[PDB]
Amino acid sequence: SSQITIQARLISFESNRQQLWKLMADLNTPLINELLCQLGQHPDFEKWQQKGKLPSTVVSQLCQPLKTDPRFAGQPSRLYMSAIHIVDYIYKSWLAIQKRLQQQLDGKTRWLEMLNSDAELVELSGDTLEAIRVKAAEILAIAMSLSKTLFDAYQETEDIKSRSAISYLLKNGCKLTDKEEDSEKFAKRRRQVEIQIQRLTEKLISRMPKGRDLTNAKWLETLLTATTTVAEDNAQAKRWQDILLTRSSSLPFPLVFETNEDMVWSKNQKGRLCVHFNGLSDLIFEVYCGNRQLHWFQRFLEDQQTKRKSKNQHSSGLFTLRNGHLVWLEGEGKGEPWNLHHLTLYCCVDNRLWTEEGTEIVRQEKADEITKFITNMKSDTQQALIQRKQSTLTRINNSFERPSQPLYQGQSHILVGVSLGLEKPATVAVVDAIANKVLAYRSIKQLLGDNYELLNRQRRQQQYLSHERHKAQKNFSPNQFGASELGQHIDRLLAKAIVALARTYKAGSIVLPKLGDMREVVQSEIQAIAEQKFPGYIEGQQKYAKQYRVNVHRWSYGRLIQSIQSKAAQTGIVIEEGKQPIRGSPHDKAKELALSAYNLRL
DNA sequence: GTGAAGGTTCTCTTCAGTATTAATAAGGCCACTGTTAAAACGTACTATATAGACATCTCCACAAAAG
């Protein structure tokens, strides 16, 4: 996770900002909207959902006739390209989501079929429980990936004895068990799977990507319709209401510049770094950044100047800058939108390209990938692709003469396990795995140190700000706020503390748990309990454990994992994934998480 | 004639998914019975511990006959 974003304000005189706003809002965003509409109507759309993959070129092909439609014709080539990238990534995202959800629904539907109680397994096997227990002992002795191997063994073995023995073996977590099945805990575990299947089935009714209408013409024409026309029935009037409540999108889609050299850097005579974008060189924007990021923007000019001095004998494949996003940030107050909103550039950089040693890491990664490509790839334009790839492979050998910082060296036998929990967001154990000894624990309080008071602040603000929103909603007041930025701050403080401890003990890796989807587990567990406690009373079921379900939906385990992954990559510490045990305290969970990831190395 | 804008391709994704070890629970009012200590409280079949109205025997003092 070595890619990170740095940002700066872009400043320019009003006519440059107005011209860019009108390009984005009047042409580029309407084009994106049109591409999303046409792409969702394509005759292959239903087979793209089955593959879960979009064709590499279909957005580019749809955009070609639109580039000369009077609605969209006025744009530079890179703005059409940006619109293509926006639309292509949206569907690459959405088709990947739907594909995995469909696989989850199919997987659990098979499990629901093969989850049979011992009373059902007796009939469906025709064998006594001891007989299927012995047959499961044989099938386990052959399947010795074990879970998948049993799922593979189940499907084509139509022999109901072995098929039931696999069912019995899978019910217990791929192992034998002597103890009797508690019939109500089984019936609950069956009911959980039905709820999960239903909730997956409902999630697969997701909407197609909606776009951003900045005119909101549909709202005003619906208002005129609903006020002067009789609704033909309740369903038309409901559709009218649903439109009238829909909020207006203020801001256009950002521009995306996937060619780092489509940002051209310079220093003006007042000494400020400046940038202009390919196709819009007349609009000079001035960089206004914090000094904590200035060294990156200075590097972008130095990388640009280095390759010009070498007459392009360097490769921009090793430019520290990777891509840019050009974004309008919503301004407070009033004005024309190019005056109200603040133009902001977000630059992706790869942190390894800062140093010379890290650049050598990237160079070999580039060289191996391109040598693979050239070997596997072998038309005129496809031969031109090979020649560009071969030019890259030649030019990445030329050095940028970057700062030298020796790479981190961590001991392979020292690991940090990080236990994640709802009550204690992180707990760490430094384990010496060949010694099987814990070198150090730290609690959440020791990780946060002097910041530990922020953790009670978060809980207190989450309560307070929720209640103030609840009160504000009843007044239709816009003053609705929350603690997300404090929560993000805490997760970043924890990430830095964990990695600093890992560096201090020379740990080779940080071990993080494969939590899965905690929210759908908790939500289906609690619903199965509540349906027994409040039969036929839906509101009673939804009130049951409401605050626990809320707490689990706020638990930011993904954001914390992501923050740890970024900080570890910036110091070259390996991340490993392990299985967090359910037994024990957060300290013991962290220790056994660490040691299991060591033993799982094969 | 260095700089600006614009062109071009990048493959296949029949793969990934489906199993545990699971925590005390996460429901709150209303009324309505029915237990469950455990506190408050009428009164019984007893086990003694006296207090004192009476009955009893004993020791000592007086009239009739004989030398």
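Letters A, B, ... mirror the listed sequences (proteins, then strands); counts begin at 1.
Base stacking between strand neighbours B:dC62 and B:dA63 is not detected by the criterion of six-membered ring centres within less than 5.5 Å and interplanar angle below 30°.
You'll find the side chain of A:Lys307 reaches within 4.5 Å of the side chain of A:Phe319, heavy atoms only. Looking only at side-chain heavy atoms (C-beta outward), A:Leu318 and A:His314 stay at 4.5 Å or farther from each other.
Comparing B:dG17 with B:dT13, their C1' atoms are spaced 15 Å from each other, to the whole Å.
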Extract all donor-acceptor atom pairs below 3.5 Å that involve side chains of residues 539-551 of chain A and protein atoms in other chains or at least two apart in sequence.
| residue | atom | partner | partner atom | Å |
| --- | --- | --- | --- | --- |
| A:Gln541 | NE2 | A:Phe534 | O | 2.7 |
| A:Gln547 | NE2 | A:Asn551 | OD1 | 3.2 |
| A:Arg549 | NH1 | A:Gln523 | OE1 | 3.1 |
| A:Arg549 | NH2 | A:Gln542 | O | 3.1 |
| A:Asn551 | OD1 | A:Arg554 | NH2 | 3.0 |
| A:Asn551 | ND2 | A:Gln547 | O | 3.4 |

Could you go through residues 43-64 of chain A and list every donor-acceptor pair under 3.5 Å that involves a side-chain atom there, pairing it with any protein atom two or more places apart or in another chain?
| residue | atom | partner | partner atom | Å |
| --- | --- | --- | --- | --- |
| A:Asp44 | OD1 | A:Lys47 | NZ | 2.5 |
| A:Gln64 | OE1 | A:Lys67 | NZ | 3.0 |

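Helical stems of DNA chain B (runs of at least 3 Watson-Crick or G-U pairs, donor-acceptor distances under 3.5 Å) are absent.
In this entry the distance linking CG of A:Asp282 with P of B:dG3 reads 16 Å, nearest Å. Taking atom CD of A:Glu261 as the reference point, atom P of B:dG3 lies 12 Å away to the nearest angstrom. Atom CG in A:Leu105 sits about 18 Å away from atom P in B:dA16, given to the nearest Å. Atoms CG (A:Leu283) and P (B:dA4) sit 13 Å apart, rounded to a whole Å. Between A:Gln64 atom CD and B:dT8 atom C1' there is a gap of 11 Å when expressed in whole angstrom units.
Phosphate contact (OP1/OP2 of B:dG3, side-chain N/O of A:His276, threshold under 4.0 Å): absent. Contact annotation: A:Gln382 does not reach the phosphate of B:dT8 (side-chain N/O to OP1 or OP2, under 4.0 Å). Within the 4.0 Å cut-off from OP1 or OP2 of B:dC10, not a single side-chain nitrogen or oxygen of A:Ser56 is found. Phosphate proximity of B:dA16 to A:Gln104: absent, as no side-chain N or O sits under 4.0 Å from OP1 or OP2. A close approach under 4.0 Å does not occur between any side-chain nitrogen or oxygen of A:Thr109 and OP1 or OP2 of B:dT18.
Identified under the salt bridge (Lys or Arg N to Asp or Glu O under 4.0 Å) test for residues 186-201 of chain A, with sequence neighbours left out: A:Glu120-A:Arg190, A:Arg191-A:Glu194, A:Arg191-A:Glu531, A:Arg199-A:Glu520. For residues 162-178 of chain A, every residue pair satisfying the salt bridge (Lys or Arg N to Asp or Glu O under 4.0 Å) rule, not counting sequence neighbours, is listed here: A:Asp118-A:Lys171, A:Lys171-A:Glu181. Applying the salt bridge (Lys or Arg N to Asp or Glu O under 4.0 Å) rule to pairs touching residues 377-391 of chain A yields nothing, sequence neighbours excluded. Screening residues 153-196 of chain A for ring-ring contact (aromatic ring centres under 6.0 Å, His included), with sequence neighbours left out, gives no hits.
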### Trace of the side chain to side chain contact (heavy atoms under 4.5 Å, CB included) decision for A:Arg71 with A:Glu34
CA-CA 10 Å; A:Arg71 295 176 293 166; A:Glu34 181 59 16; 3.9 Å; yes
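Closest-nucleotide positions on DNA chain B for A:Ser379 and A:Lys51 were compared, and the one nearer the 5' end corresponds to A:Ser379. Between A:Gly279 and A:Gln103, the one whose closest nucleotide on DNA chain B sits nearer the 5' end is A:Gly279.
Ion pair A:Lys366/A:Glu369 not flagged as a salt bridge, since none of the NZ, NE, NH1 or NH2 atoms sits closer than 4.0 Å to an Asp/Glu carboxylate oxygen. Ion pairing of A:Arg78 with A:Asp262 is present here, as a side-chain N (NZ or NE/NH1/NH2) and a carboxylate O approach within less than 4.0 Å. Remark: A:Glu113 does not engage A:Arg110 in a salt bridge, criterion side-chain N to carboxylate O under 4.0 Å.
More than 12 heavy atoms of other residues, nucleotides or ligands shown are found within 6.0 angstrom of NZ on A:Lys203. Residue-environment remark: NZ (A:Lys99) exceeds the threshold of 12 foreign heavy atoms within 6.0 Å.
Within a heavy-atom distance below 4.0 Å of DNA chain B, the residues of residues 134-168 of chain A found are A:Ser147, A:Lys148, A:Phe151. Applying a 4.0 Å cut-off to non-hydrogen atoms, the residues of residues 92-102 of chain A that approach DNA chain B are A:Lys99, A:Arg100, listed by residue number. Looking at residues 300-313 of chain A, you'll see that no heavy atom sits under 4.0 Å from any atom of DNA chain B. Residues from residues 66-75 of chain A that place a heavy atom under 4.0 Å from any atom of DNA chain B: there are none.
Regarding the sugar-base torsion, B:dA37 falls in the anti class, its angle being beyond 90° of 0. Base orientation for B:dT13: anti, the chi torsion being more than 90° from 0. Glycosidic conformation of B:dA19: anti, with the torsion beyond 90° of 0.
A:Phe300 and A:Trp265 have tilted rings, their planes meeting at an angle from 30° to 60° on a 0 to 90° scale.
Contacts of A:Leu280 with the nucleic acid, taken as non-hydrogen atoms under 4.0 Å apart, involve only primed sugar atoms and P, OP1 or OP2. Counting any heavy atom pair closer than 4.0 Å across all strands shown, A:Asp106 reaches no nucleic acid atom.
Contact record, A:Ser125 with A:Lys161: O-CE, 3.2 Å, taken as the closest heavy-atom pair.
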### nucleotides 20-27 of chain B: protein proximity per nucleotide (B base, S sugar-phosphate only, - neither; heavy atom, under 4.0 Å)
BBBB-SBB
